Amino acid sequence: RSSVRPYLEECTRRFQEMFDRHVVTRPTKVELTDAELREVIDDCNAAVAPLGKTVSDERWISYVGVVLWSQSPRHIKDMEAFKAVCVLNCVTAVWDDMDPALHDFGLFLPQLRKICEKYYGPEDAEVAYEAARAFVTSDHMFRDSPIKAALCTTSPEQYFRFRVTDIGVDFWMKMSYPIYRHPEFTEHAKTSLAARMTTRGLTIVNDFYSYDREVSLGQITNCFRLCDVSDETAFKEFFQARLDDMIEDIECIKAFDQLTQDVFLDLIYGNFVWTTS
């Protein structure tokens, strides 16, 4: 029960087969110029320096890969917004990986505001900042919280309801809509319907490939703790149920407008490609 390694190959193949049948369109990686990647890394370093944390270029590049693979390159209009999502993703990933004893909101929150004010217009900057603030504040609030225990152990429905915020997808949507400048996508981002539609597909993939690491650290925010992964029959029924969840979401996503559904599906499928890369 400590590991999903016996299922790693089969589940990877089954994820890919599902995407090939229901999405078809493959993710494509955004290539940053050397100048853009250096500007991103310099902003990341500047933002986490007040916390006294050193992070290598290699670690920044591993954090940023999800952004490079999970946006929708054919629809990008604003590369300043794109770089902002690169930076905000990376620096909040560092914050998400830190011991809460090193969490200094007075030092970090002004750095998030500075990033938002550099890359976004005034209105978008407020929206992106509030979402980043809500995300890091949620991360802090729910470490060792009875609420997290109740939501993550009760049922898949309560667990994914928690993960809408906790996996960062509502934040992601609210900092990503300026990349596309697409009115319908902007509204779905702001109502969080965008995040609610894509939460299960992101979370189930994240959870499968981070299960071994997370259970070894005593973390409970993983839907595969809701089943007995040591019982092959129980695991296979649970995994199929999660695949069915992803498929139901994907098929509803196809009712959205063409640009919006490309963004949603590139996000779910790109996250899978980056996670397995």
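Throughout, we count residues from 1 along the sequence that is shown.
A.B. asks: With reference to the PDB entry, specify whether the mean Cα temperature factor is higher for 106-114 or for 162-170.
C.D. replies: On average, C-alpha B-factors are higher across 106-114.
A.B. asks: Which is higher in the entry, the mean Cα B factor of 122-130 or that of 93-101?
C.D. replies: Here the higher of the two C-alpha B-factor means belongs to 93-101.
A.B. asks: In terms of recorded Cα temperature factor, pick the maximum from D78, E187, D207, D144.
C.D. replies: Checking the PDB record, the top C-alpha B-factor among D78, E187, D207, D144 is at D144.
A.B. asks: Among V66, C44, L51, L226, which carries the highest Cα B-factor?
C.D. replies: Of the candidates given, the C-alpha B-factor peaks at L51.
A.B. asks: According to the PDB entry, is the CA B factor of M246 in the bottom, middle or top third of its chain, that is, lowest, middle or highest?
C.D. replies: As the PDB entry reports it, the C-alpha B-factor of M246 lands in the lowest third of its chain.
A.B. asks: Going by the entry, which third of its chain does the Cα temperature factor of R196 land in?
C.D. replies: For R196, the deposited C-alpha B-factor lands in the lowest third.
A.B. asks: For the chain shown, is the CA B-factor of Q258 in the lowest, middle or highest third of its modelled residues?
C.D. replies: Middle third, going by the recorded CA B-factors of the chain.
A.B. asks: Grab the CA temperature factor for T154 from the record and place it in the lowest, middle or highest third of its chain.
C.D. replies: For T154, the deposited C-alpha B-factor lands in the highest third.
A.B. asks: If you rank the chain by CA B-factor, which third does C252 end up in: lowest, middle or highest?
C.D. replies: Its C-alpha B-factor belongs to the lowest third of this chain's values.
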